[PDB]
Amino acid sequence: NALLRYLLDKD
Amino acid sequence: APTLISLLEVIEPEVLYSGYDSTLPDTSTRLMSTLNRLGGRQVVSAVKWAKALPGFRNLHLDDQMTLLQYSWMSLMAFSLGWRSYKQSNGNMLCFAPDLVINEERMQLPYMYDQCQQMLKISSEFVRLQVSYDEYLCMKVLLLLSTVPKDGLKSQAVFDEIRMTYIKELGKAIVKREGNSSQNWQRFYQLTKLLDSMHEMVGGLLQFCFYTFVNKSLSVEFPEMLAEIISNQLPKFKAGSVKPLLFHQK
Ligand SMILES: C[C@@H]1C[C@H]2[C@@H]3CCC4=CC(=O)C=C[C@]4(C)[C@@]3(F)[C@@H](O)C[C@]2(C)[C@@]1(O)C(=O)CO
């Protein structure tokens, strides 16, 4: 789930 | 030091514009493709919103992921219900300020039944005259309302977070009515609304799974929505999801 994982780590 | 509700108020994402071009005419395929493309962007917003919820980041990162995938539709239908309630007292679906479906516009054969389903959510907001703060607390509770049967990896943090927002829902009730000793009826009515969201959303989830899988309808989904749905499809079909209900039905 590449995109969901990205959004949860971002920032 | 200001209140958790005031924080909830601040971190609420602004309504997105769809950019739907009404100069080309309405079709079932076009409308649904547009709604999904919008929903993808709304879910992105929702991830950023959840990350700002005090407590949420204490959860294990698989749990954060799971809750978001399990509840995204009810999150989105609830906000849709709210926007439609404020915009037109539930007479219209306000997907976006440039994408408003009125009675006349829902008359498309394949759209009609899904609109009736979304319309009942907002009619609950009308029937109960939900206040903004009540809506905000309920919405976080929705994020925390659907779980795997095998449970979560940080179950105890999860239980503590649920308690926090249940109390917070209590404070919303107080701000609205004052210190009435019938605030207990209201709490009751509001948890019953939350419970009824599983049923109301189930119909929307069926449409969504159906249109995602039966691609002969040509309905487009953005990558954000595709990732979640294709991940959730086999779980819901394997009957492996547990809805949390406040009252045994
Ligand atoms: C009936 C279902 C339920 C619909 C969703 C209901 C909630 C919602 C509210 C919005 O403000 C924007 C998009 C969404 C998130 C949505 F409207 C679209 O995604 C299209 C959707 C999945 C649906 O219409 C389809 O399956 C069409 O393919």
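Every number for a ligand or one of its atoms is a count from 1 in the order of the listing. Below, each value reflects all heavy atoms present in this structure, side chains not excepted, and no hydrogens, waters or symmetry copies. Chain letters run A, B, ... following the sequence lines, proteins first, then strands; residues in each count from 1.
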TODO: Could you list the residues that satisfy ring-ring contact (aromatic ring centres under 6.0 Å, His included) with B:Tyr165, not counting sequence neighbours?
DONE: none
Open item on the list: Walk me through whether B:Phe78 and B:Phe125 qualify under ring pair (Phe, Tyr, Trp, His ring centres under 6.0 Å).
Closed with: CA-CA 9 Å; B:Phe78 211 59; B:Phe125 285 104; 4.8 Å; yes
Basic-acidic side-chain contact under 4.0 Å: [X], [Y]:
X	Y	value
B:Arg176	B:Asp133	no
B:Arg37	B:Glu220	no
B:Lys153	B:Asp63	no

Which pairs of N or O atoms, one from ligand 1 and one from the protein, are separated by less than 3.5 Å, and what is the distance for each pair?
| from | atom 1 | to | atom 2 | distance (Å) |
| --- | --- | --- | --- | --- |
| ligand 1 | 11 (O) | B:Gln42 | OE1 | 3.0 |
| ligand 1 | 11 (O) | B:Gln42 | NE2 | 3.1 |
| ligand 1 | 11 (O) | B:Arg83 | NH2 | 2.9 |
| ligand 1 | 19 (O) | B:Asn36 | OD1 | 2.8 |
| ligand 1 | 24 (O) | B:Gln114 | OE1 | 2.8 |
| ligand 1 | 26 (O) | B:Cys208 | N | 3.4 |
| ligand 1 | 26 (O) | B:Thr211 | OG1 | 3.3 |
| ligand 1 | 28 (O) | B:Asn36 | ND2 | 3.2 |
| ligand 1 | 28 (O) | B:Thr211 | OG1 | 3.0 |

Open item on the list: Can you see whether B:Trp49 has B:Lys139 sitting over its ring - NZ or CZ less than 6.0 Å from the centre and within 45° of the normal?
Closed with: yes
